[PDB]
Structures are given as C-alpha cells and as structure tokens.
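Trainee: experimental structure and sequence below, a few questions after.
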Amino acid sequence: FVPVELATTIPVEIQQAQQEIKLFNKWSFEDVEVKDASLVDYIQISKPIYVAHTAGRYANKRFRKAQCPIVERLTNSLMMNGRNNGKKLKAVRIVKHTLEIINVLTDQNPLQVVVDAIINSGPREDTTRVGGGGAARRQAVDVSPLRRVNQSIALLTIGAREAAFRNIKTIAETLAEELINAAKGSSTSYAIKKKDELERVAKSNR
Amino acid sequence: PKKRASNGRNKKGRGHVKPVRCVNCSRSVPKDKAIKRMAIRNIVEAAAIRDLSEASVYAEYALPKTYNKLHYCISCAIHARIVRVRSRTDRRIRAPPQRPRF
Amino acid sequence: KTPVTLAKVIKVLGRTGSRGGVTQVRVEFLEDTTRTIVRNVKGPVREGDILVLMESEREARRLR
Amino acid sequence: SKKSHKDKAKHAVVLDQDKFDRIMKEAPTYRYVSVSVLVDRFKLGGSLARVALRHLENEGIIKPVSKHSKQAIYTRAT
Amino acid sequence: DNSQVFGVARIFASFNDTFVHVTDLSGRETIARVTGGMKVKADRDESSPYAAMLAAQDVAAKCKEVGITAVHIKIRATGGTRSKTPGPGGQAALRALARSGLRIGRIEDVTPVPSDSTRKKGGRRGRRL
Amino acid sequence: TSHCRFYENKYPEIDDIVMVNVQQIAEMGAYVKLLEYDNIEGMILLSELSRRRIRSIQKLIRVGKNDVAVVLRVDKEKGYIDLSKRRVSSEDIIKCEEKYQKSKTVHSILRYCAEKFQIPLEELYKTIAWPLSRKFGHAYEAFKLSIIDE
RNA sequence: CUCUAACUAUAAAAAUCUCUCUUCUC
Ligand SMILES: [Mg+2]
Ligand SMILES: [Mg+2]
Ligand SMILES: [Mg+2]
Ligand SMILES: [Mg+2]
Ligand SMILES: [Mg+2]
Ligand SMILES: [Zn+2]
C-alpha cells in the first residue's frame, strides 16, 4: 500500500498503512473492549503502542499505574524473581510468544483474551486483619478496582511461574494456558481458583 | 492532698446518698459520683431514615425517639471515653464542653 | 443467584482500620443515584471508581 | 535426596515405526504444535521433539507462525 | 385501609443473639421465630448486624409466604436489671425487615424498665476487667 | 486405587459430621483431604480451627494424621466445602471414631478385593457396597451376619 | 439589636532484675 521510496528500504509490511498502530505489528488495539464497566479506566488498551516496552515514569505519582499499558504491566510483572529480576527484554519476548500462542488457540484476538482473563481473575471482595490479637479473625471488605487489576495480574503471573517451574512447558506456553483458562471461568486455572477461594473465604467472614 | 475541693462527690450537706449501679460494670457507686449521660436518640438512625420513610404506611410517621439516662461508673467513664482527664487549671470548668453544635 | 451490583464513589471518608491500610467511602448506585451506602475498600480509591458489591444491605462500620 | 516423584522413563528416547505412523497421523488434527505439546503425549523424549518438529517442515504439513529459538509455534496447514 | 394484613415484628436485641419474632395483632400466635444465632457460625457474632440481617430476610420471606404484608416493630432490649440498651443487631434487623417489601407501622420500644428493683448482678464492686 | 466414597453421594451433605486427614496449610486456612467421603478437599478456616485461642498452628493441625471434623456449608455445582473443628462436642468424637474404624475396615476389605481382582473399586462397590447398606444399614454389620448367616 | 436541637458504638495474656553515686571558688 503505497511503498514510499527511500535510500534506506524499510520493509513493506513496516510501511504498508502505518496509521493503524498494532502492538507487535500483529494485533489491533481497536476491536478490543472491556466487558466489565468497573475495571474500565484501569486497563489501558485505549492508547496504541508499537512495543510492550516503554521507559515511562509510571511510579512517580499515586495513580499513574493505571495509565501504563496493560500488556506492559503484564511484562513488568513477569520479571519477578531474584534469578531473573532486571531482565525485561526476555519478558517482552515471553509476552510476545504468549500472544502468538493465544492467537493460535481460539484466535479471539489475544488482547481481548488478556483483558477478559484480567477481568475474570480479579477478586471482587476480600478480607483484612481486624482481630485484636486474642480474638483475631479476617474481616470482609471490598477491593479497589485498581487493586483488582493488580491482583489479577499478580495471580496470573504467579500461576504461570509455578506452572513453568521444573516443567517441560515454556513460560510463554504456561502463561498462554493460564490466560486462556482465565478468559473463561475454567476452575482449572490457578488464578481463577485463588480468586474463587478468596471470595469464598471473604463470604465466610462477613 | 485535696485534688478536688468538691471531692468529686458533689454532696456538700447530705452525709449519705443512695448508690446506683454502673451500666457497664455494675459498680455500686453513689448517685452523685455516678456520672450521668442522657442518651436521647432516634430509634432509627439517619442511615435508615430514607428506607423507613419509603417503606412505611402512615405517611409522615412521627418516627418516635428513644430516651435513656445512663448511670456509668467512674472507671468505665474514664475507659469508655465518656469523661477525660483534664489539666489541673481546666478542672475548674464545670460547664459542658461548649455546645457540640449550634 | 448472582446479585452483583455496582457503586460509584461520590466521596472518600478517610482511611480506617487497625492496619491503617483500608479506607472508607460513600458509594452511590449506578441505578437510583439518590440511594447511597457507606462501604469499606481495601486498596487505592478516589472519586470516580466503580466498586463491585455482592451485597447491598451491608453498611460500613469503623474497623478497630 | 528424596524419592517422592517416582518417575519412570516416560519418554521415547528413540523413535519407533508405530510411533512414526502416530506422529504422522496426528501431525494434523493438532491445531498447535510445539516441543512441549509434542512431548505431552508421551511419544517423544524431547531432544527428538525438535527433530520430528523440524522434520514436519518438509511438505508443508504445518505452518510456522514464529521460529524464535528456545521454542516453536506451528499451526496446522490449511 | 386497603387490607394490609398486619403483624408485629417484635425485635428483641440483647448484647448477644438478637431475636426477630413476628406475631399477629393479638401476639398469642407465633410465626417465623428465626433468630440471630440461627444463621451464624462463630457462636458470638450472633449479635452482629449480619446475623440480624439474615434473620430478618428469613422472617420477611416466611411472613410474605404467609400473607402478612405489613408489620409493627416492637423493639425490646434485654430489659430488666441489665443494661437495657438496644443491642447492635436489632437495628440492622429492623432495616432489613423494612427492606424486604414489608410495610412498616407504629414502631414502639417495649423494653422492660424496673422501678429500681431486684438488686443487680455483679456484686458491690461489679465486673472487674 | 482408593476412591468411591462409602455414603450416598460423592459430594457431601448439609451438616454431616466429617472425618479429615490434613495435607497442608495456607495462610487463609487448611485444605484437608476427606477420608470419610471419597477424596474431595475441605476448607477449615483459621478462626474456626481450635477450641482454645490460636497460638500454635502445627501443634494442633498435625499434618499427616487424621482427626474429627464438621461440615457447615456445601457447594453443589462444582465442589467446595466449608468445615469447622472448634464446634465438636465431647461425646460426638466417640461416635466419629467408631464410624471411622468400621468404614475404614470396610474400605480396606473391599480395596483388598479390588487389588486382587484388578477391577476399579467403584465397580466392586456397585456390585457389593450400597445394596448391602440398603439391606442392613451398615456394611460391617452385614459382614458379621455373612460370617454367621450366609 | 433578635433564638432551646441532634445522636451512638471495643475491654484476651504480659512474672522477675544486681554491683555503684562521685569538690563547686571570683
Ligand atoms: Mg547470577
Ligand atoms: Mg493522688
Ligand atoms: Mg463527678
Ligand atoms: Mg445540715
Ligand atoms: Mg482496668
Ligand atoms: Zn463501670
């Protein structure tokens, strides 16, 4: 589509119609919408990005964490252990591989799968420590939608991590399985299982 | 030494008054050293006034109040936050704490 | 059933709890916007969020 | 120094003719092919997982979506 | 009157295990006694507002099945020589009763208050804690 | 293989006294295997664990051993159980031990039979267990009768 | 220089401690 001539020949696919910014030049941010109304404005699929890698000051003020691209937040939460703590290009590669794998299984543009899994795997009611030592219990309270996004990302990455640990499957494949299972309500997913159990426990301690 | 010229009792000319019991700890304490608080409140709080008004027959019910004079002891009164320790130059003042709201 | 309801905060009534990590807000329903509750949140909130509640009769009581 | 897992060989270290007709029969009908997916069915050791996985790029039995190292992403040819 | 079949809600809220006990106008006929401890596990959150909430929902469902559509609240504290201040649960019990469709008429407080009779429990120095 | 709960349903009933073998503990509570029934885990809340005040989790839990239990709430769509240990009376634990011992004897006998015949324990229960429990009310009493009256 | 209104509401357990004390004048 109108290949611009230059002394340096950028590939045609990189030149085709680039007013249509894609995540990895593969997935469209349009067609992706948030089903839940509570967690909108805390999932940042609205802005376009050419890479899930941006050196953004997303930890200076209080609430800029929401404005970070959701895929970028997933990448940042993947790089979580002492053995692999600063490595983020590896996290970007893992997320990219997960996105292609999710595209393979039930095409369902993988950004929508990511969003739906994050919506489903976030708890809606939690507990806090209120017991005065001798009479110590848990106490049922509600969760902030930002903390819902944070917690959903957290359990998704934890489940992928302990699925990949000393296992044949790669981290990308385990993350893709967890995301696919959390797209639906399949209890086989670890994140959705923790969500269900935590909500049940909060129900038990009204 | 005298911490209180009134001795806290507020008796001054009786010798003996009839004691009353604490509402929390049931302390047999004289009726004048039995710091009293007249709790007058609504039988339905402001949190449920709208709900009751919408779901009640007899349009514009008077919503009657509840009255109870609480006879605390003094240890509970210190602990249950009813009465507070004061400066020795502030102990002089006996007026209630300046009209909580006008 | 699944009586999941939504509630948009109109004001935040400080932060409560022995931990000091929970907050208290005044939420108003997406429906019938003249009907409000006071509710406890465990996480960062501000004027504009939409909490998800599995209850509606509950009212927040200060945690001590 | 434990003995809890009690794992068997559980892996075809060398491919066999019946296993070859297997890998070829569900060379299609596996709508996503990778090293871990191939060894998930007990029929590949894991080193020959790559061998059979690269061999299927002979007559276009499967198509590549990405060929980055450390893994592979293949879909059924349509 | 549009044939609002009436009862008396007659909530009894002590400092533990509040009671919700609806009856007809006479009061000699008892229906839907379900209490606060009827519906909670901790054996001590019987006085909690949630226990009274659940009990109120149950009595509302039962009486709505019965035919009674409006109730008369008779709030009673533990009464007698005790604290005789209304329990924490009964307030939420009344709120939940007014929530579940039932109409509300003639709220009354019927706590038994004595004429300084029958010396209180606890001894002269009372409960030391 | 050990499966096929003794009683009428794989999922439990309401307020049925249960019979636990604890496996691990998380922060929220203890997920415990149920040995009275087939295999399904139960959740014992921390606040609903001990008669005394909670001070030592591992002193009372005793990971790897069996104990008494009571069921409070059940889930009849996918399988979940809420359990308590504080609310067990002084006398009920005796009937719990005797029921455990008799049910475990029956389980061991029929597992021996299944291991000898290499047929799933569920099929052998299909042919032996619950028609016997329907006839006599207890498979062990009927076993004693079969010892006496064939 | 003129006025009488709003309201709540927690109590788990925590015993004990050995030396040795030393000037202020222009
Ligand atoms: Mg190193
Ligand atoms: Mg003194
Ligand atoms: Mg005084
Ligand atoms: Mg005189
Ligand atoms: Mg004291
Ligand atoms: Zn007192």
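Mentor: Now that the structure is in, tell me what you want to look at. Numbering: from 1, shown residues only, chains lettered A, B, ... in the order given. Ligands and ions are numbered 1, 2, ... in the order given.
Trainee: which residues touch residue F:34?
Mentor: By CB atoms under 8 Å, 6 or more residues apart in numbering or on different chains, the contact list for residue F:34 reads F:12, F:18, F:19, F:20, F:21, F:40, F:41, F:42, F:69, F:81. In short, each C-beta sits where N, CA and C put it, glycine included.
Trainee: do residue A:82 as well
Mentor: Residue A:82 touches nothing, counting by CB under 8 Å, 6+ apart.
Trainee: got it, and the one 4 residues further on?
Mentor: Contact analysis of residue A:86 by CB under 8 Å, 6+ apart lists residue A:79.
Trainee: from ligand 6, how far off is it?
Mentor: Residue A:86 sits 62 Å away from ligand 6 when distances are taken as CB to the ion, to the nearest Å.
Trainee: tell me which helix or strand that residue sits in.
Mentor: For residue A:86, there is no host helix or strand (DSSP states H and E).
Trainee: which of the contacts of residue F:34 count as buried?
Mentor: Applying 16 or more other CB atoms under 10 Å in any protein chain shown to the contacts of residue F:34, the neighbour count classes F:12, F:18, F:19, F:20, F:41, F:42, F:69, F:81 as buried.
Trainee: could I get those residues in CSV, plus columns for secondary structure?
Mentor: Shown next, in CSV, are the buried ones among the contacts of residue F:34 (DSSP: H, G, I helix; E, B strand; the rest coil):
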residue, secondary structure
F:12, coil
F:18, strand
F:19, strand
F:20, strand
F:41, coil
F:42, strand
F:69, strand
F:81, strand
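Trainee: widest-spaced pair of those?
Mentor: Across the buried ones among the contacts of residue F:34, no pair lies farther apart than F:19 and F:41, at 13.5 Å, counting by CB to CB.
Trainee: where do the helices sit along chain F?
Mentor: F:57-61, F:92-117, F:121-124, F:130-136, F:139-148 (DSSP state H).
Trainee: stretch A:29-38: which residues count as buried?
Mentor: In stretch A:29-38, counting by 16+ other CB under 10 Å, buried: A:29, A:32, A:34, A:36, A:38.
Trainee: residue contacts, the fourth one?
Mentor: With CB under 8 Å, 6+ apart as the criterion, the residues that contact residue A:36 are residue A:119.
Trainee: element containing it, please.
Mentor: Residue A:36 belongs to no helix or strand, assigned by DSSP H and E.
Trainee: mind saving the C-alpha coords of the one helix or strand residue D:54 maps to as PDB?
Mentor: Element membership of residue D:54, judged by DSSP H and E, is helix D:47-55. What follows is helix D:47-55, C-alpha atoms only, in PDB (Å, rounded to 0.1, in the frame of the first residue of the first chain):
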ATOM      1  CA  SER D  47      15.500 -33.900  22.000                       C
ATOM      2  CA  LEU D  48      13.900 -35.700  19.100                       C
ATOM      3  CA  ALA D  49      10.900 -33.500  19.800                       C
ATOM      4  CA  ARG D  50      12.900 -30.800  17.900                       C
ATOM      5  CA  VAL D  51      13.900 -33.500  15.300                       C
ATOM      6  CA  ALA D  52      10.400 -34.500  14.400                       C
ATOM      7  CA  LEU D  53       9.200 -30.900  14.800                       C
ATOM      8  CA  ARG D  54      11.800 -29.700  12.200                       C
ATOM      9  CA  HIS D  55      11.100 -32.700  10.000                       C
END
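Trainee: and it, is it in reach of chain A?
Mentor: No - remark: helix D:47-55 sits outside contact range of chain A, by CB under 8 Å from any CB of the partner chain, the gap being at least 9.1 Å.
Trainee: for that helix, name the packing helices and strands.
Mentor: helix D:35-40 (3 or more CB pairs under 8 Å, 6 or more residues apart in numbering or on different chains; DSSP states H and E).
Trainee: now for the helix it packs on, which elements pack on it?
Mentor: Looks like helix D:35-40 contacts helix D:47-55 (3+ CB pairs under 8 Å, 6+ apart).
Trainee: and the contacts of the helix it packs on?
Mentor: D:12-15, D:23, D:33-35, D:38-39, D:44, D:72, D:74.
Trainee: just the buried subset of these, please.
Mentor: D:12, D:15, D:23, D:33, D:34, D:35, D:38, D:39, D:44, D:72, D:74.
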